[PDB]
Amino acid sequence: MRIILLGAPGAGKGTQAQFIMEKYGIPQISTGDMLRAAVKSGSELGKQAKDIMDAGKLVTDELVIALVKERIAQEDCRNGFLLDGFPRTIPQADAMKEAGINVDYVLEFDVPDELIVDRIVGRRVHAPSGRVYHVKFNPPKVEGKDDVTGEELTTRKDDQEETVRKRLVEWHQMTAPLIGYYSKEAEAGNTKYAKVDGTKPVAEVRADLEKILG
């Protein structure tokens, strides 16, 4: 069982990751984990990727594909894998198919932009402590203040309404062809695809997945 898991930032696609891992006996893998593990391993693709990173440059599609190919060859992925957040472009999807990295299911996690905004914007932090708060799901005892110190809270640049909306626009635009690429491969019969309403409770999403995957 080889699964691709796509979704917008804050769509909470990972909320079903452990369920998928436990029902198939497969690891969760991401390009990030591949990079940090490859450089730590002192392997070849590692030293190469370490230079690009430390130089502050982007990693080439060519190098990423080679890392994915490397990872799914281990005994780890005898029963398959759960690829998270990759591919991100059509050319990447092609290079994977070129590298013989076939996939059984492509799951798309759907949460409308508006719900993600309210979900993300609500987050606050007390920086010197690292303590996390939320207006609606995890409210502090004293509104707009830390429960412990009593020092005022703070919000980060990454959770601001304009920053989030800007981040979602880019993703939708950038991923639009990829969603069509895999949706077409579905009706073509080279793989399977399925939209998923992530707005439902965790239990119902798990149910929806169990029938999609079987």
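Numbers follow the displayed sequence, beginning with 1.
Colleague: Would you determine, from the values in the PDB entry, which of 177 to 185 and 157 to 165 has the greater average C-alpha temperature factor?
Modeller: Mean B over CA atoms: larger for 157 to 165.
Colleague: Mean Cα B factor from the PDB record: higher for 197 to 205, or higher for 14 to 22?
Modeller: 197 to 205 has the higher mean C-alpha B-factor.
Colleague: Pick out which of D33, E151, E62, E170 has the highest C-alpha B-factor in the PDB entry.
Modeller: The record points to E151.
Colleague: Name the residue from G80, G144, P87, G100 with the greatest C-alpha temperature factor listed in the entry.
Modeller: Out of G80, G144, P87, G100, the record gives the largest C-alpha B-factor to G144.
Colleague: Within this chain's modelled residues, let me know which third the CA B factor of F109 belongs to: lowest, middle or highest.
Modeller: According to the entry, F109 has a C-alpha B-factor in the chain's middle third.
Colleague: Could you look up the Cα B-factor of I116 in the entry and say which third of the chain it sits in: lowest, middle or highest?
Modeller: For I116, the deposited C-alpha B-factor lands in the middle third.
Colleague: Is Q28 in the lowest, middle or highest third of its chain when residues are ranked by C-alpha B-factor?
Modeller: Lowest third.
Colleague: Lowest, middle or highest third: where is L213 by C-alpha B factor in its chain?
Modeller: Middle third of the chain for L213's C-alpha B-factor.
Colleague: In terms of the CA temperature factor given in the entry, to which third of its chain does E44 belong: lowest, middle or highest?
Modeller: Highest third, going by the recorded CA B-factors of the chain.
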